[PDB]
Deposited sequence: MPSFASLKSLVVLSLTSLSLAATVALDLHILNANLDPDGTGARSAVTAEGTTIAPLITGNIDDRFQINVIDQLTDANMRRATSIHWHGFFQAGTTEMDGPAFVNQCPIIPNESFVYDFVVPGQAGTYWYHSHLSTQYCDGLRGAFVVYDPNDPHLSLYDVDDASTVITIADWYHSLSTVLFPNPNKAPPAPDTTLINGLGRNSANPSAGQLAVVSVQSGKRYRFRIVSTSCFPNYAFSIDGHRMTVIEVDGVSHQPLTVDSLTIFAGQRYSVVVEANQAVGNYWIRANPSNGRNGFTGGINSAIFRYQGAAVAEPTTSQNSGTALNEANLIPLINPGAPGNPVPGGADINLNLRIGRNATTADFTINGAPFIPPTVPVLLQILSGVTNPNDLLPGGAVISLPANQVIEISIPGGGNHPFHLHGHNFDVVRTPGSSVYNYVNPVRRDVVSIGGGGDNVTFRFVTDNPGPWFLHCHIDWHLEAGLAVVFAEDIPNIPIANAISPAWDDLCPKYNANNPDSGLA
């Protein structure tokens, strides 16, 4: 999908494992939203046409372009009742933003309730004509993009026990009977090197990713190019994205591509949680290859390519702004808490209350879930390792100066990305960013069912500069009036 494109949103009855069709939310006709691409600095004009009719899900919609900074285009970011009011059925809205200096692997998904778990999700790649990693691969195209998703047999409409089927490129098996399901085939040729862009479109579990008999060389992490680091296995979290170069150097043949979920049926019995890596000329056949070898990816081992300074001073507590975020709960699942306040979405989108003249955070809503950050400042965020939550910051990436699983602080060359697991009981994951982006920017667990429960806070960054920095098209202006009239 192009730079100026339409993108109808519509239900359709999909049956990705062969077990039984279900009514889902999607873009166009596919269980994986259609790949979108451009180039660095391109200007996207993405006409979303809401055409939804299944009243058992949500029929409104709002799309987020994950990992794009949206500087000057905060109204386009996508979060429901943060940056916009939802688009109504029988209406449309053109998200129009630029991607100045960002090439890499992103994705896009609904950001209204848990509606992306009913289907609205897919890949977004921004190529770099001048990419420093070009020499490390012969192939990078629509065929080298690899999506993982957790699929639900029942409409979204809690903390659901777990997903039902792991789909790779929208395909995979389940145990109604695994044989009911197709396997996704990623095709390669001997001697060729491939930039696979691996996209977790997941609403919840993390996956342990691997390619039987093959090594993976990491060059890119959540949009950002890193020094080439070679591994055999990988855990990818909700919303995360890695590029890995895979050389087809083993014996011509079939090989399992593995994706072990953190929740739901795990393991590979029957070929669940799998896909096929097949060589030109191999038999059209089911793999029989055995899984992985030692060298797992450790986040603490990735280094950003182009010289990044973990902003600020190299002491924890050394940023200009140090906030410590602690997570609280609630029995069932409808009230998560951070520093004693759940995220409860207001009727007035936080961008709206601000543009309107509500500048003191104290008066913003919801109460306490919103923190104002001052401009051109260095921020240190710590989140006491709760229970494996993949936290995601909008409008920015960050240096994770303390990686899940390592008592050290690294201000020298920490990983930079935009989704990070807080690990659990033992961890104190901390990162740092710079508030150079006037905007109300979300920070939430990317476990979709946790955000729906209130696990989230809104960063109202450079409040004085938001109306000025952001130029608001009349079409943004009537989302809320047309939504608030609904029925």
| property | result |
| --- | --- |
| Missing CA stretches, deposited numbering from 1, N-terminus first | 1 to 21, 179 to 185, 516 to 521 |
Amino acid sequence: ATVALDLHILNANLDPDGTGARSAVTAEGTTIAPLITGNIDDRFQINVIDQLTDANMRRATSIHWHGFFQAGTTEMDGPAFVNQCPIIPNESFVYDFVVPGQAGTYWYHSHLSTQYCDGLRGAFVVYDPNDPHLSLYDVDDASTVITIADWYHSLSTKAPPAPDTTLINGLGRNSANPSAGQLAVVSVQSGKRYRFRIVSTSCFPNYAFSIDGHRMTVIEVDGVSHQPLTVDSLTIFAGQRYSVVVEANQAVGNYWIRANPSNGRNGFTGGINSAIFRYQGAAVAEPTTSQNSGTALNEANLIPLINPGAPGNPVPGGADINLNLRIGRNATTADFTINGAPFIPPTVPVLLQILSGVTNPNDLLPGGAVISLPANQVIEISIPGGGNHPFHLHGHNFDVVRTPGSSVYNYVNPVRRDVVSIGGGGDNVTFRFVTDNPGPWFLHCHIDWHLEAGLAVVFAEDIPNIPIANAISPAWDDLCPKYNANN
From here on, numbers count along this sequence of modelled residues.
| item | value |
| --- | --- |
| Between the two ranges 160 to 168 and 215 to 223, the one averaging a larger CA B factor in the entry | 160 to 168 |
| Which of 254 to 262 and 313 to 321 has higher mean CA B factor, as the PDB entry lists it | 313 to 321 |
| Criterion, highest CA B-factor; candidates, 347, 235, 353, 189 | 347 |
| Third assignment of residue 447 from its chain's C-alpha B-factors | middle |
| Residue 77 - which third its CA temperature factor falls in, relative to the rest of the chain | lowest |
| Among modelled residues of the same chain, the CA temperature factor third for residue 419 | middle |
| CA B-factor ranking of residue 453, expressed as a third of its chain | middle |
| Chain thirds of CA B-factor: placement of residue 25 | lowest |
